[PDB]
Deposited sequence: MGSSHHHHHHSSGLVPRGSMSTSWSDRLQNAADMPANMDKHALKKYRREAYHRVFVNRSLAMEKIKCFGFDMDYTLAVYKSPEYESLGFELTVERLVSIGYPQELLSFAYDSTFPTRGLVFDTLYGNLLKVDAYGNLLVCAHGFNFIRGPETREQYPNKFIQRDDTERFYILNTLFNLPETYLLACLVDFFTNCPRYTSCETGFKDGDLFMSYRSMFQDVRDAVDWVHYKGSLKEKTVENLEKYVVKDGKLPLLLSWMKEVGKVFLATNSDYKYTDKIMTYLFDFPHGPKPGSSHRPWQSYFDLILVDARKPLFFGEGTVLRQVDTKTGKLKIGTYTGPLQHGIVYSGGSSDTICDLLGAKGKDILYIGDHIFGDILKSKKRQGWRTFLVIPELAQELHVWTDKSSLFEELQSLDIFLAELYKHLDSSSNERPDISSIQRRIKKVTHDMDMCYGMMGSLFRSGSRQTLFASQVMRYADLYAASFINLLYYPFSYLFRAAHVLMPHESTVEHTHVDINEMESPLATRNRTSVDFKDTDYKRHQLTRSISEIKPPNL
């Protein structure tokens, strides 16, 4: 069972709008909203959304596998070897947020300070001592962006696996000689950096010029979670405030996906007239180019919604009914909706490009969707005894049996996958976890979990104290 299986199972449930019944849904950790900083929902006047992996949650592992297959096919078409066609996506390998080291060709899981938690070269997991040869301080400088690329989006899951497949393939194929920074094929030398760049370019190509969008929209039932509670929640938001869409996607793709998401024989609730998806938004903006959107942005354009093309010129007119915007900036949204940053709850999955930047640059309130949480929670609670044991062992130090710490850390981590939990390795939190705590005011497996809280709800987190204050 994947995380999207959980989401789709919860999606198939009709709501019961009884206040006591919605409150009781928050028994299950799966339906909760989690709180890093306090947020009085009564002060939120605008709810903003990203589309991909937020409103449109792509089913796993099917969508990752499609991306993988198309990326492989593109690499083969530009001259990579035919053996790539025998690879098959394996959802049990990648965890999101890994760092590809382009110098040595390793995937690294790191903490918020760049300390190594896991190091794999292809499919070989390198133990601590062997790691010191390449990482003498078991540390990387993660802002050396020429060397390290952080794979922190769900769209990066197929390339996370593909990088490891490629390193493994070239290492074990006798045509190539393994060197410390790449592979030698006679008078050709393929550095891990060049290989990585080829992969990154191919993933981009598949999204922008290849068939990924076309294949997705041909079979939306296969590729996209659909939930009758989406229209209901968005309708309740629009009763208390304004609702907006700000997506990097183009209008044509957005319209196909959103039409599908709202394709039920009813509107917000069963028995109600169906309403077009656009009627749920006070403001619709596509081609947003986030993160640049949260600084200078690009010029504000208007979409000709009959053709899907942009009208010629910068749009200088007012917010009007039926208009669709393209480009612009986060200030556009504030100005057109008459909002200040703290009046906005922005709902998205991109912990950097959206959540971090909207928070740091604009002081927006933030809700982070983490699709994997649906499955990470099941593992966390199910294997709570292992972590409890780890926490007991860490305590038990009067000042060997640190290999029991390593064993239990290994067994815990393997329950999540080969690269472990998104949030930790044993007792050490990942960079991704630290970024979630720092920049996501609220988070959950789905934003639909807001359905289970009233709009006057006060989401509370404990006041933080420094060590000398404690």
Checklist entry - Can you list the gaps, numbered from 1 on the deposited sequence, where no C-alpha is modelled? => result 1 to 21, 421 to 436, 508 to 555
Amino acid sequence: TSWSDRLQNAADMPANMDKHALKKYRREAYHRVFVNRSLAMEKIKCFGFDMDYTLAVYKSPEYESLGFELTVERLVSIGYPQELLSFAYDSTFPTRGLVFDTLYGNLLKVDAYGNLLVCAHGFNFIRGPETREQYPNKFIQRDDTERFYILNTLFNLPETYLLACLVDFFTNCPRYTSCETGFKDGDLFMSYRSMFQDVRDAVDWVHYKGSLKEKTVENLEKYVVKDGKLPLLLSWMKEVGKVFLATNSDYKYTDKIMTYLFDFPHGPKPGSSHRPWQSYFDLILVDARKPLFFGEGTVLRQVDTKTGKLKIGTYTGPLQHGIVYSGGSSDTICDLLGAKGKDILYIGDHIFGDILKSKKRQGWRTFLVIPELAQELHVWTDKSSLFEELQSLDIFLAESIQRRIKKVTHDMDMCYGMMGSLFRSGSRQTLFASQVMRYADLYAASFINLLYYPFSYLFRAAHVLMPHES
From here on, numbers count along this sequence of modelled residues.
Checklist entry - So which stretch wins on mean C-alpha B-factor, 428 to 436 or 414 to 422? => result 414 to 422
Item to check | 88 to 96 set against 213 to 221, stretch whose average Cα temperature factor tops the other in the entry | outcome: 213 to 221
Next on the checklist: Highest Cα temperature factor in the entry, among the options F387, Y135, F155, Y280: which one is it?
Outcome noted: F387
Item to check | Deposited CA B-factor, highest of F352, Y260, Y346, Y161 | outcome: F352
Checklist entry - Would the CA B-factor of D255 place it in the lowest, middle or highest third of its chain? => result lowest
Checklist outcome for this item: For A29, the third of its chain by CA B-factor is the highest
Checklist entry - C173's Cα B-factor: lowest, middle or highest third of the chain? => result highest
Checklist entry - Which third, lowest, middle or highest, does the CA B-factor of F244 fall in along this chain? => result lowest
Next on the checklist: Using the temperature factors of the C-alpha atoms in this entry, rank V408 within its chain: lowest, middle or highest third.
Outcome noted: highest
